[PDB]
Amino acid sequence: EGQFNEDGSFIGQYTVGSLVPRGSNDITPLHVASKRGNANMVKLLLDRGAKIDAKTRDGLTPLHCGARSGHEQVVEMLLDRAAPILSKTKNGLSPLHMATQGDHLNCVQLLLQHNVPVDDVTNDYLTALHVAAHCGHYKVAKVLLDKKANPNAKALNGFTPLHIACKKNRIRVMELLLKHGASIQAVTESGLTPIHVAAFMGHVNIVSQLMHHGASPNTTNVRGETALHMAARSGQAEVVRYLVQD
């Protein structure tokens, strides 16, 4: 009865890789076609019935791969053939998080136009706006905020996109969030404000900018520390010099 199956040793050997065996054929031809952005290959494979929601070991669907690399035509083609828009990877990343991570304005808009909830969260409770603040993607953050992403949304450890822009020294995103209503006095799980976070990592320009917008330097965390205590505990001499000289 095996005579009525596909046989041979070449099926699946030329999808990815170059003579080095891979443990499982989790990466399908549709994943490869979407990562490359070849809409002709995608239409070919979808017409032959390729599984549109197949997942890799990490849980990436073809829609995740197309959005991660910003291949707008592939993404629309997958969405028009009903690829699940909210499919998540093992750590909770939707295709919108991956489009945001690659600073792909076209694919972020395209997913938002297909009714992806703008504040869909990962397992760390990161929205796409959190990810844009982490990467410093000003353009995409502005798109998410225009579609009403919550600028005070909290991750698991209580960080808002503003806390993250301050931890990662993203001055443009920090300024954009403040213009769009991110609370400068928002507090994390351990009582830290955005100026505590910038002062600890030594981001002097962010500390001064937060000071211009009314950040209180005398606020204290759960452990009783002000921003100057944390700048002194970490040794950021220029943050220390700025706080005392002001």
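Residue indices: 1-based, along the sequence shown.
- As the entry records it, the average C-alpha temperature factor is higher for 207 to 215, out of 38 to 46 and 207 to 215.
- When 186 to 194 is weighed against 27 to 35, 186 to 194 comes out higher, by mean CA B-factor as recorded in the entry.
- In this PDB entry, the Cα temperature factor of residue 221 sits in the top third of its chain's modelled residues, the highest group.
- Ranked within its chain, residue 70 lands in the middle third, by CA B factor from the PDB record.
- Among the modelled residues of its chain, residue 177 has a C-alpha B-factor that falls in the middle third, as given in the PDB entry.
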